[PDB]
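K.L.:
Pasting in a structure now, in structure tokens, and then I'll have a few things to ask.
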Amino acid sequence: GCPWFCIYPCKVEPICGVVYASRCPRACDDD
């Protein structure tokens, strides 16, 4: 299943970008 951090992105980087990369493995299959 996809993590909600990756499903519901935010527009404030790099704090969102860092967590995005770390909390969205290929497991999500890009939704």
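Starting from 1 in every chain, residues are counted up; chains themselves are A, B, ... following the order of the structure tokens, and ligands are numbered from 1 as listed.
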From a DSSP pass on the backbone, collect the residues of chain A flagged as alpha helix (DSSP H) and hand them back as a list in words.
P.N.:
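Taking chain A and keeping alpha helix (DSSP H) only, one gets residues 4, 5, 6, 7, 15, 16, 17, 18, 19, 20, 21 and 22 of chain A.
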K.L.:
Output N, CA, C and O atoms for every residue in the selection just made, as a PDB file, in the first residue's frame.
P.N.:
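The resulting file, result06.pdb, is reproduced below:
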ATOM      1  N   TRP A   4       0.509   7.620   3.117  1.00  0.00           N
ATOM      2  CA  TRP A   4      -0.263   8.845   2.991  1.00  0.00           C
ATOM      3  C   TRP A   4       0.624  10.074   2.831  1.00  0.00           C
ATOM      4  O   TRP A   4       0.194  11.071   2.254  1.00  0.00           O
ATOM      5  N   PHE A   5       1.856  10.001   3.327  1.00  0.00           N
ATOM      6  CA  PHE A   5       2.817  11.089   3.138  1.00  0.00           C
ATOM      7  C   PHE A   5       3.095  11.299   1.654  1.00  0.00           C
ATOM      8  O   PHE A   5       3.363  12.415   1.210  1.00  0.00           O
ATOM      9  N   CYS A   6       3.027  10.215   0.895  1.00  0.00           N
ATOM     10  CA  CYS A   6       3.300  10.256  -0.531  1.00  0.00           C
ATOM     11  C   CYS A   6       2.015  10.533  -1.315  1.00  0.00           C
ATOM     12  O   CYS A   6       2.047  11.129  -2.391  1.00  0.00           O
ATOM     13  N   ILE A   7       0.882  10.096  -0.770  1.00  0.00           N
ATOM     14  CA  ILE A   7      -0.406  10.308  -1.416  1.00  0.00           C
ATOM     15  C   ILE A   7      -0.873  11.755  -1.253  1.00  0.00           C
ATOM     16  O   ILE A   7      -1.433  12.345  -2.178  1.00  0.00           O
ATOM     17  N   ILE A  15      11.612  20.294   3.479  1.00  0.00           N
ATOM     18  CA  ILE A  15      11.078  19.475   4.567  1.00  0.00           C
ATOM     19  C   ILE A  15      10.081  18.428   4.047  1.00  0.00           C
ATOM     20  O   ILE A  15      10.026  17.307   4.559  1.00  0.00           O
ATOM     21  N   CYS A  16       9.314  18.778   3.023  1.00  0.00           N
ATOM     22  CA  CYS A  16       8.397  17.825   2.407  1.00  0.00           C
ATOM     23  C   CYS A  16       9.129  16.909   1.436  1.00  0.00           C
ATOM     24  O   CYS A  16       8.772  15.745   1.293  1.00  0.00           O
ATOM     25  N   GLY A  17      10.164  17.428   0.789  1.00  0.00           N
ATOM     26  CA  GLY A  17      10.910  16.636  -0.169  1.00  0.00           C
ATOM     27  C   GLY A  17      11.704  15.532   0.498  1.00  0.00           C
ATOM     28  O   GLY A  17      11.712  14.391   0.032  1.00  0.00           O
ATOM     29  N   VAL A  18      12.359  15.876   1.596  1.00  0.00           N
ATOM     30  CA  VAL A  18      13.134  14.915   2.369  1.00  0.00           C
ATOM     31  C   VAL A  18      12.253  13.771   2.860  1.00  0.00           C
ATOM     32  O   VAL A  18      12.572  12.594   2.659  1.00  0.00           O
ATOM     33  N   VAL A  19      11.140  14.118   3.494  1.00  0.00           N
ATOM     34  CA  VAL A  19      10.222  13.115   4.006  1.00  0.00           C
ATOM     35  C   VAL A  19       9.584  12.330   2.856  1.00  0.00           C
ATOM     36  O   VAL A  19       9.394  11.127   2.964  1.00  0.00           O
ATOM     37  N   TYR A  20       9.277  13.010   1.751  1.00  0.00           N
ATOM     38  CA  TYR A  20       8.747  12.358   0.562  1.00  0.00           C
ATOM     39  C   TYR A  20       9.649  11.213   0.117  1.00  0.00           C
ATOM     40  O   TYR A  20       9.203  10.077  -0.034  1.00  0.00           O
ATOM     41  N   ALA A  21      10.923  11.528  -0.072  1.00  0.00           N
ATOM     42  CA  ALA A  21      11.898  10.557  -0.548  1.00  0.00           C
ATOM     43  C   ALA A  21      12.068   9.398   0.425  1.00  0.00           C
ATOM     44  O   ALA A  21      12.232   8.245   0.022  1.00  0.00           O
ATOM     45  N   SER A  22      12.013   9.710   1.705  1.00  0.00           N
ATOM     46  CA  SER A  22      12.275   8.725   2.744  1.00  0.00           C
ATOM     47  C   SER A  22      11.026   7.906   3.073  1.00  0.00           C
ATOM     48  O   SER A  22      11.122   6.779   3.559  1.00  0.00           O
TER      49      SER A  22
END
K.L.:
Need the shell around residue 29 of chain A: protein/DNA/RNA residues with any atom at most 9 Å away, counting only C-alpha atoms. Skip same-chain ones fewer than 3 positions apart. Format as a PyMOL selection string?
P.N.:
chain A and resi 1-2+25-26
